[PDB]
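# Commentary on secondary and tertiary structure
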Amino acid sequence: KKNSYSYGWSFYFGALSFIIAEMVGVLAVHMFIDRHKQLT
């Protein structure tokens, strides 16, 4: 106990990549629904 292990560097690049990938995936659906609403 009291080892003070650190989650450190580029592990956070995975956590950042999650947010970036999810912000990608939501915008795709905006493009879908807007692109389909154009042909309505």
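Per the PDB entry, the chain goes by the name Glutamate receptor 2,Voltage-dependent calcium channel gamma-2 subunit and belongs to Rattus norvegicus. For this structure, the PDB entry title reads "Open state GluA2 in complex with STZ after micelle signal subtraction".

Moving on to the overall build of the chain. A tally of regular secondary structure across the chain gives 1 helix and 0 strands. For the C-alpha atoms alone, the extent of the chain along its principal axes is close to 65 × 15 × 5 Å. When the accessible area of the chain is evaluated, it comes to approximately 4,300 Å², of which 69% is carbon and sulfur surface.

Turning next to helix α1 (residues 11-38). Compared with the 40 Å implied by 1.5 Å per residue over 28 residues, the 41 Å span of α1 between its first and last C-alpha is a close match. Among the 28 residues of α1, 0 are classified as buried, and the element is accordingly described as predominantly exposed.

Right, let's talk about the packing of aromatic side chains for a bit. This model, assessed by the stated rule, comprises 3 aromatic pairs. Ring centres of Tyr5 and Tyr7 lie 5.2 Å apart, and the angle between their planes is 75 degrees; on these two criteria the pair is classed as edge-to-face. Taking relative accessible area as the criterion, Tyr5 reaches 63% and is therefore assigned exposed. You can call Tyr7 exposed: its relative accessible area is 53%.

Conventions used here
Residues numbered from 1 in each chain as written, not as in the entry; some residues may be left out. Part of a larger assembly, values for the part shown. Heavy atoms only, no water. Helix = DSSP H or I, 4+ residues; strand = E, 2+ residues; numbered from the N terminus. Areas by Shrake-Rupley, 256 points an atom, 1.4 Å probe, with all protein chains shown as cover. Expected span 1.5 Å × (residues − 1). Buried < 20%, exposed > 50% of the residue type's maximum accessible area, 1.4 Å probe, protein only. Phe/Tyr/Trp six-rings, centres within 6.5 Å; stacked < 30°, edge-to-face > 60°.

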